[PDB]
Amino acid sequence: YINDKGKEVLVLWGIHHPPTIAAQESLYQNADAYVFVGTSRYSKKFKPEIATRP
Amino acid sequence: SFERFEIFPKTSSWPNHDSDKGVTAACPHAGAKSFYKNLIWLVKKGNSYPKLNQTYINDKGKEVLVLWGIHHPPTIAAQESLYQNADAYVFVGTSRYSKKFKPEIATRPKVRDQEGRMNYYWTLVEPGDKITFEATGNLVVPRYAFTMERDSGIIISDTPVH
């Protein structure tokens, strides 16, 4: 997305960590998945942390 | 309020893992190899390190401080000799805290005759909350947790006490 506005744009997103590899395969089919989010000053690679939580 | 209580009994919580050989020469007690008293350094119980899964539910009426450690060996050979699993991971989770630790296996500058490292982590578990430890290796489990209650500071001085 290119900021065609004349002022700052707040953008929000989320990364989902499933509890088991079965959920990861049932939801995205890719056990080894990754996310990359990048702007001019922000660049980050997110990896899922697949483990059971309380 | 400060009470030290056994969160994980040594003789009953780790049946499949070995909780005796986990001693180092960087913490000598009376000239003999030893370790911390509130932590247990588990190792393989003979050519095998089964997956470890433990949980604690806070039955007390106030917060519980829990401390654990993650060990980074200097070489892959050390990782295999201590935990049998090159691709090891740790996961610690509460209602608000959830983190996955991965060992960093590389040689470090040697301090206290050690080429590896051991990172120490702490968390506070609220009443009615639970803490879960999941591991394939490189975990220094808690032995003693600290029940706490708040209400003055820390002063550094050489003055005697009366």
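Its PDB header names cryo-EM as the technique used to obtain the model and reports a resolution of 2.54 Å.

Description of the overall build of chain A
Looking only at helices and strands, chain A features 1 helix and 2 strands. Listed by position from the N terminus, the elements making up chain A come as α-β-β. For chain A, whose C-alpha radius of gyration is 15 Å, the value lies well above the compact-globule estimate of 10 Å for 54 residues. Here chain A, with 54 residues, has 11% of them falling under the buried criterion. Pairs at least 24 residues apart make up 46% of the contacts formed inside chain A by residues separated by at least 6 positions. Only carbon and sulfur atoms are counted for the fraction: they give 55% of the accessible area of chain A, which is about 4,800 Å². Here chain A contributes 7 positively and 5 negatively charged side chains, and the mean placements of these two sets differ by 6 Å.

Comments concerning the sheet that holds strand β5 (residues 52-57) of chain B
Residues and elements named next belong to chain B. With antiparallel pairing, 4 strands are arranged side by side in an open sheet as β5-β10-β7-β8. Where the open sheet ends on each side, the last strands, each with one partner, are β5 and β8 (98-101). Geometrically, the sheet is characterised by an average inter-axis angle of 10° between neighbouring strands, direction not taken into account. Note that strand β7 (residues 90-93) and β8 share 4 bridges and pair antiparallel.

Here we look at a nonpolar patch on the surface
Where nonpolar side chains cluster on the molecular surface, the patch consists of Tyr1, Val9, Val11, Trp13 and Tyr42 of chain A and spans about 560 Å² of accessible area. Note on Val11 of chain A: relative accessible area 53%, which makes it exposed.

Digging into the side chain of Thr123 of chain B
Residue and element names in this part refer to chain B. Mapped onto the elements of the fold, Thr123 is located in strand β9 (residues 117-125). Of the residues examined, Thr123 reaches a relative accessible area of 7% and is grouped as buried. Ignoring sequence-local partners within four residues, the contact set of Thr123 consists of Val64, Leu65, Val66, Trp68, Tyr97 and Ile131.

Brief notes about the interface of chain A and chain B
Across the contact, 6 residues belong to chain A and 9 residues belong to chain B. Surface buried jointly by chain A and chain B totals about 590 Å² across both partners, of which 61% is contributed by carbon and sulfur atoms. The largest contributions to the chain A side of the interface with chain B come from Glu49, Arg53 and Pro54 of chain A, which together make up 69% of the buried area. Taken together, the connections running from chain A to chain B amount to 0 salt bridges. Counting every contact that joins chain A to chain B gives 1 residue pair in polar contact. In the side of chain A that touches chain B, the residues fall into 3 nonpolar, 1 polar and 2 charged.

Quick word on the nonpolar core
All names here are of chain B. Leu52, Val66, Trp68, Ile131, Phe133 and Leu139 are the most contacted members of the largest nonpolar core, which has 29 residues in total. At the level of elements, β4 (39-41), β5, β6 (64-72), β7, β9, β10 (130-135) and β11 (140-142) are the ones that each hand at least two residues to this core. Element by element, the count of residues in this core is highest for β6, at 4 residues. Those residues in contact with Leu139, other than ones at most four positions away along the chain, are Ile40, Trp41, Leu42, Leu52, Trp68, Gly69, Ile70, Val90 and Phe133.

Here we look at the packing of aromatic side chains
All told, the structure shown has 15 aromatic pairs over all chains when counted by the stated rule. Considering the side-chain rings of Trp13 of chain A and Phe46 of chain A, the 6.2 Å spacing of their centres and the 65° angle between planes classify their relative orientation as edge-to-face. With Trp13 of chain A in the segment before α1 (21-28) and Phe46 of chain A in strand β2 (residues 43-46), the pair connects residues that are 33 residues apart, well separated along the chain. What makes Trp13 of chain A partly exposed here is its relative accessible area of 43%. Through successive ring pairs, a cluster of aromatic residues spans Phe8, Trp14, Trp68, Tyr97, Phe101, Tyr121 and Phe133 of chain B. Lying over the aromatic face of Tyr144 of chain B, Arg4 of chain B brings its terminal NZ or CZ to 4.0 Å of the ring centre. Just above the ring of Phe5 of chain B sits the side chain of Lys60 of chain B; from NZ or CZ to the centre is 4.5 Å.

Basis of the calculations
- Residues numbered from 1 in each chain as written, not as in the entry; some residues may be left out.
- Chains lettered and ligands numbered in written order.
- Part of a larger assembly, values for the part shown.
- Heavy atoms only, no water.
- Helix = DSSP H or I, 4+ residues; strand = E, 2+ residues; numbered from the N terminus.
- Rg over C-alpha atoms; globule rule 2.2 N^0.38 Å.
- Buried < 20%, exposed > 50% of the residue type's maximum accessible area, 1.4 Å probe, protein only.
- Contact = heavy atoms within 4.5 Å.
- Areas by Shrake-Rupley, 256 points an atom, 1.4 Å probe, with all protein chains shown as cover.
- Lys, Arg positive; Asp, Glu negative; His and termini not counted.
- Charge placed at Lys NZ, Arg CZ, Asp CG, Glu CD.
- Pairing = 2+ DSSP bridges.
- Axes fitted to C-alpha atoms, helices over the stretch in contact; angles between N-to-C directions.
- Patch = residues over 30% accessible without salt bridge, like charges linked within 9 Å, V, L, I, M, F, W, Y side chains within 5 Å.
- Salt bridge = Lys/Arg side-chain N within 4 Å of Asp/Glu carboxyl O.
- Buried area = accessible area lost by both parts, 1.4 Å probe.
- Polar contact = N/O pair within 3.5 Å; in protein donor to acceptor, adjacent residues only side chain to side chain.
- Nonpolar A, V, L, I, M, F, W, Y, C, P; charged D, E, K, R; others polar.
- Core = buried A, V, L, I, M, F, W, Y, C linked by side-chain atoms within 4.5 Å.
- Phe/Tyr/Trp six-rings, centres within 6.5 Å; stacked < 30°, edge-to-face > 60°.
- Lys NZ or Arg CZ within 6 Å of the ring centre and 35° of its normal.

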